[PDB]
Amino acid sequence: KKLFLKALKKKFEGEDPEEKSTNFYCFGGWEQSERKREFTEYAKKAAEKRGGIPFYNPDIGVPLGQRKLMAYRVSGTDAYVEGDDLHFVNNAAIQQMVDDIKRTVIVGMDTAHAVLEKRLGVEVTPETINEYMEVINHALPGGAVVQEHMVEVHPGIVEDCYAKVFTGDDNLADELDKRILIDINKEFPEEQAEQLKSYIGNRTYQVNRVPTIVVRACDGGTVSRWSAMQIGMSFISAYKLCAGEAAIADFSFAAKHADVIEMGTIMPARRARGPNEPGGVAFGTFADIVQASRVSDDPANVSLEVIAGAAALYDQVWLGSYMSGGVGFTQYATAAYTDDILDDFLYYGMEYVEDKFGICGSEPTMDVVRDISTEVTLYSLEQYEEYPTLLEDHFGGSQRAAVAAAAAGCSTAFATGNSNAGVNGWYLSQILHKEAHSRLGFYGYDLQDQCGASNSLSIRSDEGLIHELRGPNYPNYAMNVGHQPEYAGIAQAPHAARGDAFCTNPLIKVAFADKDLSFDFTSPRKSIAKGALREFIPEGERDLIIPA
Amino acid sequence: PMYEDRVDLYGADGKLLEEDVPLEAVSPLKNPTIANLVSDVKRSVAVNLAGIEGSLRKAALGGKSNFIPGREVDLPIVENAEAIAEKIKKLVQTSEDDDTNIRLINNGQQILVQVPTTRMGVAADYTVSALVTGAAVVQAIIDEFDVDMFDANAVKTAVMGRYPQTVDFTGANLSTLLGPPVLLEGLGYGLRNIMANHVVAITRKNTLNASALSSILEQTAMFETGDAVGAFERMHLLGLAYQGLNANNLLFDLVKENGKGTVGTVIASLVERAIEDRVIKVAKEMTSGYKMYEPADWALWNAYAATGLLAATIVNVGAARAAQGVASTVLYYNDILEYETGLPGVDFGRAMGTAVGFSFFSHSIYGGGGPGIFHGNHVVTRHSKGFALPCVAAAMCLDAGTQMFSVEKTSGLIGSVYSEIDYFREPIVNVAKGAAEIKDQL
Amino acid sequence: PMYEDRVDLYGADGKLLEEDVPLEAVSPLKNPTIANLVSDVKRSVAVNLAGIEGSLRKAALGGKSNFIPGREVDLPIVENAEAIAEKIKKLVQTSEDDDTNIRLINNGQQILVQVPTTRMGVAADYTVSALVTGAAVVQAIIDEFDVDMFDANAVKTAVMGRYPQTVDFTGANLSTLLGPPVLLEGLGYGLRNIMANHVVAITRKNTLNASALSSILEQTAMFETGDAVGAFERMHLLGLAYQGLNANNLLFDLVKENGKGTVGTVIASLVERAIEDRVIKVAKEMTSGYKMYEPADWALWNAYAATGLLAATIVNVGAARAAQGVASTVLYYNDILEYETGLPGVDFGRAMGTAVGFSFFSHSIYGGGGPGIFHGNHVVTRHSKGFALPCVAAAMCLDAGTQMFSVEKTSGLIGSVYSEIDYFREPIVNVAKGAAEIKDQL
Amino acid sequence: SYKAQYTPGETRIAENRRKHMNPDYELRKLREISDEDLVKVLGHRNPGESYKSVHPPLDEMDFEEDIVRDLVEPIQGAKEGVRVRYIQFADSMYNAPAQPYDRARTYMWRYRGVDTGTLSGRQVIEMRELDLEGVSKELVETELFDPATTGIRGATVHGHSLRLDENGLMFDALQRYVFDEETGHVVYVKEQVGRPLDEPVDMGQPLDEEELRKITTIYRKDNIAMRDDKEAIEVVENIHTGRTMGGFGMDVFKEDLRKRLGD
Ligand code: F43
Ligand SMILES: C[C@@H](OP(=O)(O)O)[C@H](NC(=O)CCCCCCS)C(=O)O
Ligand SMILES: C[C@@H](OP(=O)(O)O)[C@H](NC(=O)CCCCCCS)C(=O)O
Ligand SMILES: O=S(=O)(O)CCS
């Protein structure tokens, strides 16, 4: 059975999914939609607040809904929602996913501990780390620890702010307060735990999540600074230091520069942003943030969960607002995580790979890339050709090109274990798609796909880069929808096929293995669905400081 | 010449090098040693072959704690360093007769690559050296071992890091003294980007050569920013000659006569010398007997003041053999000097203001760090136009091991890679030899 | 020489300039004309005296629509332009005998300042020329009129804009062809930062000299970024020689024989020529009779293909005398060439990919603009390594007046300031003469 | 001499693409439209109005000798300085007789002074309006056009990927054309941006399904699958492989590298 049929049958109730014809113009326009009706009603209720300024009006411009306006199944869920409920402005789960990433920074503790012992003659023990972690959980959300006559942040509005510690040293982990421990051996399957610890070694890290309200009022560049200020206050208080001496500057340099791990790197001037903003998150970094890898051993499922989160992050929020704005890019993104369509294509490719090569059963060669990418692209195209309702669902060429090529690229990575062979396969898929349907995506969709084969295995200046470390600022990729989310899946795919615990950074992977995050990173699909249903409670609202 | 000033050039040992030299003979615009030093800083690239190899062997790619499981490449790069260096030479040079220089260091684990000036001449900025060197290193490695196409991009990533997803070579295994211009604080700040610990490592911890190299780079940067233009040029030249190059032995003699003294006694010695040399004079005597002074020659007074400043740093930090005191010394040297005399302090307040922020950001939670990590392109220590950072270079030479971010920690291979370059390691004697070469052409 | 290739250099008029020239005689690393052109681009600064004066008169300071009431300064700057220029010269030069050049333009309302190479030599990047020139202009004006201390900072703000609150000279009244490096998209992109409309104004709208100047700057930048190193050098040299400099008259002859033709007929002429010259050959004949070709010489095939691309631009945009079609032409020339032959298109897809985004960002709501505002440091058109922007320069020469952001609008004074520089205005003939100068030294 | 090949492939779909591209292949005329009605559906001007310029006549723009410029013959609209205008089509994926990249490739072989943009849902040509009208007449009268599956539309173009309506016509949210049940013809009642026409324009009868399967340029499993055109796939893979090899550089440029290494 094809995985998308269940959704088509519900989305096109009363109609044969294989029938080429239908009736239009018979739905009442916007009035067919619960959500459109709600929107129009709020627009009218807004008239008094706006004092005469015109507002949303369904009679301005395009009369939406001459065709049937679709509901969408969030893939891997049973949630069916109108597209508007998946717009990032309308979906608190998507916004909290981004805020939880922006507000996280990781700081090594071994250098600060060396400053204490070597420079300040102060001993560091499990008990003193535990006391420090208690102090920073008062200081990080805005509590005072040294000065008299301090004002403080209202704890009620920053209850999402906290700090935890993790270590590759099992002997130290057994001694740390479990209330503040991210326990690698408990969060990860045994083999993944062992892999993570071999790379992390006997090193200790704190994970600081600054308040959601702070990154909403300010930006991502605030996060490493806020973390570092309160790390400094917490060392001063917990270890009873002089509150302002030369050694303190060493904690600062360590926490803001020498021992810090941020989520995202800075942008060039044309698209200027500080750290911990979406354009700076490499694809492999995002795959490590998503936690599907540690709860599923289905490499297709793992890749698909990453693609869902990355579609929200890169296409809807980054490209659709930060870099553009407006109605934005909801359905460019939802095509990669709704109706189990991408699932059908990727499970086909994974099963083709399992049968012909074995998962991780081939070294990367052009023969293998060509074989797999071609076959999965043909299968994907044939699905749109056999199901008119499928093609009316993924109505925009860009959507189709991204989804077929995502299945082709991930499947190639499953066979070969090589992300750049994967992305080479993605570029083959795109030019084959174009030649089959005599179309591809929007006006500027294939800028990176026509340059892609040559730059996939390039070793030059701004061309060559291992795929896991490419991201939204890789030059070819810096402008266009329908690629970045899927590239995150391609970064995850060879590692999921191998059963790796992470793609690029074991510190990132452990730092999000934490039930106390607000967004559920083990399944971005399920969380986004909960947001679409208006059932997700975000952080950072201001109800406690504003009138009832 | 343009200016009438002449000085005697004295070495770091306090002995006369060159007598009766026109001030312009040490101008960054004229001195051939300064020109070669700046050319070498721009064209030189450190290639870490051992780091490239180990990054590849572990797939430890693209920066701090990154690993990409399954993408490891195991190659004997250091064992074949000579062959690889010969290939780098062929790819980087523009002709067999040009000034391309390739030097293996540390048993082949590192290479110093000096890109030919012909390539710099047709490039817009100095990043070309790193870019061309990186391209040659990547191809040399791929060709040496016939690295297959699906592994080759890991070699690229091991050499140049996360570029172009990052704006710079984050996590790369090559480095340059100058970082890329996209990270400059101020326009024209390229030469100011060298941390004090690197300066100390290049001069092998020799106090006055470190402060000289810093002064040379800082004041040359002041020509690049347009600050040393027109009215202000003589102030910057005199600053270089006196504070950086121990003109007339004033710097050395101030330290020598105050070796058991304090910041205050250095001030008293400097004010007395300035009165003898008629650099300052009494403007008004006040009711209490206090004499308020004025400069007779403002650029020269500033140079005398800056020389006392470096001498006070050496006396007071040298007494502690602990560099943390450097910011405090720069601050209170200027503060006391002003209230002792009524005169404006070094750089008309900007060295003192720089020291205020430098003190704060080397003792507080908010940023900065220990003194060795600062430089003229740092937001904290950019404000003085060349007169403060030489003190930090001198101070870190005198630290006996009180820092966590020590020369060894931040700059551990910088000595082995760059300090064999004579003009870098020993700038005073070599700038004096340059001055002798042109003194009669001015 | 290193490479065996020899070409005939032909002018923009399609007549022979130099016979049997070694390929390297046109290398950015060897040709003395390219070295001088790049030096002049880096060292040249346009001073808008009329703009400084009007800015001061209205206190119209620091960018568009800013005014600071009460801070107006009324000075006859243009009336005293000669005296002011003479002061700038004294401040900018390093000696009476150096290569400092000051030229008044447009009745003294603008000055072309070429800063001496000596100052560039001891600076880290090319911003020195703007900084030094700004400092000299500020002091020249303050000295010429004895501007008082409380008004002087307005003169500074009139010259250099909102710097340093802005990272660049926002709202300044001086300009350079190269913007500051902090605004570069990619490392080494300095030479790529010149908008197509500026190139068209510098060459006075002469189609092939515009495409040549663009190709020279683009391909020289590829040496700066390290892309033209090692294995890739010959591809970039052949690209310059054929696409930029009309090697063997191939560009000129393709246009001429297709003056009443289409993009398709240009492709047919180019493929036939490539078969004649044994640059490509049949790899396999398919069931349908379709012949799939392969390159016999990959760098040379790419150069032939790039030459056809520029010819197709000139034919198809020239037919419309409307520049908007340039992006579509670059796109479909490459698309059709690939499916006509089985060969990779120009720059192995990157010229085509550049053209897709360029088409999109010159016909959509999301960014970009008309073709004249693009350049190699633009996020949209950075991707092809020198093979696409020459087409845009040619196209805007051929626009007869269909654009809002026309040369006149974006580049209105650029011609009067720079086009008298012979190497800028007529690069083909002067590069050929540089090649003749060194041909037997290779 | 040289015989153009146009596109690879062993199937009827490929040969249809080649026919579209070949300038010596005469496109069959399936209908006629008057000059007035074509101008009316374009919607830019009224027939009889003088052509409107965007700049003076071309001979006033050439101040200086440019030998390369004068090698190229300007199209008549350029000579006269006429403004640039457009026509835009959506093509049904249910075997519309022309398809988006097929159009772009056809235009660049057949027509002079073209600015053409390809998208999944529409394909646009912008051209000097004088010459646009000649080109458009061919694009509407010939087998490149089927009034049921080729929609003229400058805005709100949704429909290429949708199911056909109950009369076999492509979706148009603005309904710029309607099916006349009395005659079986497709009739334009609005111009291409959606303003009502004073007088409807008859575009004739839709092609039947079998004719569309015969002349269309899209591959579809239910007609001729891409998978069946092994020749076309072989050439696509070759282009991909060649681009990959050229970007990697080290083997195709091995002799260039050897000369740089002094070997
Ligand atoms: C640890 C430091 C060193 C440092 O880098 N920053 C500190 C502490 C830092 C903390 C104090 C928070 C806490 O108690 O947990 C914060 C709030 C910044 C933060 N991390 O959020 C702050 N100071 Ni401080 N800091 C202040 C100030 C000051 C004044 C206090 C002088 C007095 O007599 O009480 C002195 C500097 C001075 O002497 O001039 C000062 C020093 C210091 N300041 C000394 C601690 C002094 C002590 O041990 O009591 N701050 C002020 O002068 C007023 C504003 C006040 C800031 C909070 C606010 O603006 O509401 C706070 C601003
Ligand atoms: C110095 C610098 O810190 P670094 O030395 O780069 O870590 C800079 N911070 C600051 O300027 C902190 C300013 C606000 C707190 C102190 C206010 S008195 C910054 O974070 O970019
Ligand atoms: C091209 C560039 O715009 P400018 O040409 O600089 O105006 C860039 N925009 C984008 O890349 C927009 C990307 C998101 C919208 C299109 C998505 S397909 C930017 O704003 O910095
Ligand atoms: O029509 S365009 O392709 O220009 C933009 C689509 S969102």
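Proteins come first, then strands; the chains are lettered A, B, ... in the order of their sequence lines, and each starts at number 1. Both ligands and their constituent atoms are indexed starting at 1 by order of listing.
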Nearest protein heavy atom with distance in Å, relative to [atom]:
| atom | result |
| --- | --- |
| atom 14 (C) of ligand 2 | B:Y366 CD2, 5.0 Å |
| atom 60 (O) of ligand 1 | A:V151 CG2, 4.7 Å |
| atom 44 (C) of ligand 1 | A:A243 O, 3.6 Å |
| atom 4 (C) of ligand 1 | B:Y366 CE1, 3.7 Å |

Short list, please: which atoms of ligand 2 are under 4.0 Å from a heavy atom of [X]?
| X | answer |
| --- | --- |
| B:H378 | 5 (O) |
| B:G367 | 3 (O), 5 (O), 7 (O) |
| A:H257 | 4 (P), 6 (O), 7 (O) |
| B:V379 | 1 (C), 2 (C) |

Below the 3.5 angstrom mark, is there an N/O of [X], backbone or side chain, next to an N/O of ligand 1?
| X | value |
| --- | --- |
| A:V145 | yes |
| B:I365 | yes |
| A:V146 | yes |

**Request:** State whether a side-chain donor-acceptor pair under 3.5 Å links D:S120 with A:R439.
**Result:** no
**Asked** With no hydrogens and no angle check, do the side chains of D:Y101 and D:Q123 hold a donor and an acceptor under 3.5 Å apart?
**Response** no
**Message:** In terms of relative ring orientation, are B:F358 and B:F374 parallel, tilted or perpendicular, with 30° and 60° separating the classes?
**Reply:** perpendicular
If I take atom [atom1] from residue [X] and atom [atom2] from residue [Y], how far apart are they, to the nearest 0.5 angstrom?
| X | Y | atom1 | atom2 | value |
| --- | --- | --- | --- | --- |
| B:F361 | A:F253 | CZ | CZ | 14.0 Å |
| D:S161 | A:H394 | OG | NE2 | 11.0 Å |
| A:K102 | A:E262 | NZ | CD | 14.0 Å |

**Asked** Which part of A:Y332 is near ligand 4, with near meaning a heavy atom under 4.0 Å away: side chain, backbone, both or neither?
**Response** side chain
**Asked** Just heavy atoms, cut-off under 4.0 Å: does D:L119 contact ligand 4 by side chain, backbone, both, or neither?
**Response** side chain
**Message:** Regarding ligand 4, does C:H363 bring an N or O atom to under 3.5 Å of one of the ligand's N or O atoms?
**Reply:** no
**Request:** Take every heavy atom of A:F329, measure it against each atom of ligand 4, and state whether any distance is under 4.0 Å.
**Result:** no
**A:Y445 touching ligand 4 at heavy-atom level, < 4.0 angstrom** = no
Within the 4.0 Å heavy-atom shell around [X], which atoms of ligand 4 are there?
| X | value |
| --- | --- |
| A:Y443 | 2 (S), 3 (O), 4 (O) |
| C:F360 | 2 (S), 4 (O), 5 (C) |
| D:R122 | 1 (O) |

**Shortest reach to atom 40 (C) of ligand 1 by a heavy atom, considering only A:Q147, A:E245, A:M229, A:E152** = A:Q147
**Message:** Out of A:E148, A:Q230, A:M150, who is nearest to atom 17 (C) of ligand 1 when you count heavy atoms only?
**Reply:** A:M150
**Request:** Indicate yes or no: does A:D219 engage A:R273 in a salt bridge with an N to O separation below 4.0 Å.
**Result:** no
**Message:** Any atom of ligand 1 sitting under 4.0 Å from a heavy atom of B:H363?
**Reply:** no
**Request:** Determine, step by step, whether A:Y314 and A:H483 satisfy the ring pair (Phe, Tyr, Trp, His ring centres under 6.0 Å) criterion, reporting the C-alpha distance in whole Å, the side-chain angles of both residues, the deciding distance to 0.1 Å, and the verdict.
**Result:** CA-CA 9 Å; A:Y314 294 132; A:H483 296 80; over 10 Å; no
**Request:** Kindly determine whether A:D449 and A:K434 satisfy salt bridge (charged side-chain N to carboxylate O under 4.0 Å, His left out), including the steps that lead there.
**Result:** CA-CA 11 Å; A:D449 309 301; A:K434 170 182 159 176; over 6 Å; no
**Asked** Where the side chain of C:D335 meets the backbone of C:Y332, is there a donor-acceptor pair that is under 3.5 Å apart?
**Response** no
**Request:** May I ask whether atom 19 (C) of ligand 2 is less than 4.0 Å from at least one protein heavy atom?
**Result:** yes
**Prompt:** For ligand 1, which part of A:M233 has a heavy atom less than 4.0 Å away: the side chain, the backbone, both, or neither?
**Reply:** side chain
